Amino acid sequence: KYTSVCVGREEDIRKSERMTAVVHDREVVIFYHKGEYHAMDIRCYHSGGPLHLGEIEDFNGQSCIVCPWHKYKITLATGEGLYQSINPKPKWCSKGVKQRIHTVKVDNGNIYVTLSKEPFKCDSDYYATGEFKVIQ
Ligand code: FES
């Protein structure tokens, strides 16, 4: 189950700058930002919050989705949890890929999503499949 699902129209996403889709039983959010498309698992790796309801902002020169529940910052391009480490000048830090990023292509003004296999495991996978509870 790893080839293109057409998730909709280029025109339909440019307006709102985000849309959700179900791709081979995996629910994803697609963001269109600064002329680029980014797809990831819809439920936040931290506790399962609705990333499609978060705000997009730049931190350390990287575009991030901010989960609306506990304001975790996830890079659009790599699914990295980002934070500043402060010693009571703040420095930006990562814990690697937390949020599974899928592949997006446009062709003929259609948005196509392909589920990713890389990396082998993401913290968001727990909230992406089967039996779970979500915590706010
Ligand atoms: S569930 Fe997203 S930051 Fe806690």
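About the thresholds
Residues numbered from 1 in each chain as written, not as in the entry; some residues may be left out. Heavy atoms only, no water. Pairing = 2+ DSSP bridges. Helix = DSSP H or I, 4+ residues; strand = E, 2+ residues; numbered from the N terminus. Axes fitted to C-alpha atoms, helices over the stretch in contact; angles between N-to-C directions. Core = buried A, V, L, I, M, F, W, Y, C linked by side-chain atoms within 4.5 Å. Buried < 20%, exposed > 50% of the residue type's maximum accessible area, 1.4 Å probe, protein only. Contact = heavy atoms within 4.5 Å. UniProt positions renumbered as here; feature names shortened; annotations may be inferred. Salt bridge = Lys/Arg side-chain N within 4 Å of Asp/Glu carboxyl O.

This deposited entry lists X-ray crystallography as its structure determination method and 2.071 Å as its resolution.

K.L.:
How should I be thinking about the sheet that holds strand β3 (residues 26–33) in this particular structure?
P.N.:
Strand pairing in a sheet relies on backbone hydrogen bonds, with the paired strands running either antiparallel or parallel. The sheet built from six strands is open, its strands ordered β1-β11-β10-β4-β3-β2 with antiparallel pairing. The open sheet terminates on both sides in strands that have one partner only, identified here as β1 (5–9) and β2 (18–23). Strand-to-strand twist in this sheet, taken as the mean axis angle between neighbours without regard to direction, amounts to 30°. As defined by bridge partners, β2 adjoins β3 across six bridges and the pair is classed as antiparallel. Across the sheet, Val 22 pairs through a bridge with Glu 27, a residue of β3.

K.L.:
I keep staring at the nonpolar core and nothing clicks. Help me out?
P.N.:
Note that soluble globular proteins tend to have their nonpolar side chains buried in a common cluster. Judged by nonpolar contacts, the single largest core of 13 residues is most densely connected at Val 7, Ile 13, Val 23 and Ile 30. Elements with a minimum of two residues in this core: β2, β3, β4 (36–41) and β11 (110–114). Beyond its immediate stretch of four places on either side in the chain, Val 23 contacts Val 5, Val 7, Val 28, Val 113 and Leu 115. Grouped together as the second largest cluster of nonpolar side chains are 12 residues, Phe 31, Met 40, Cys 44 and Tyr 45 included.

K.L.:
I'm lost on the UniProt feature "binding site: [2Fe-2S] cluster" in the protein in this one. Help?
P.N.:
UniProt feature "binding site: [2Fe-2S] cluster": in the numbering of this structure it lies at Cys 44, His 46, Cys 67 and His 70. Across 27 residues of sequence, these annotated residues stay compact in space, with a maximum C-alpha separation of 9.7 Å. Relative to the assigned elements, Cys 44 resides in the loop between β4 and β5 (55–59). In this view, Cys 44 contacts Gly 49, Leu 51, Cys 67, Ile 74, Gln 99 and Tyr 127; residues no more than four positions away in its chain are not counted.

K.L.:
For this particular structure, what's the right way to read the pattern of salt bridges?
P.N.:
Where charged atoms from two side chains of opposite charge come close, those side chains can pair. The full count for this structure, using the stated rule, is eight salt bridges. A salt bridge links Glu 27 to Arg 43; the shortest N-O distance between them is 3.4 Å. Here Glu 27, found in strand β3, pairs with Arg 43, found in the loop between β4 and β5; they are 16 residues apart in sequence, far enough to count as distant. Looking at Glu 27, the relative accessible area reads 33%, which means it is partly exposed.

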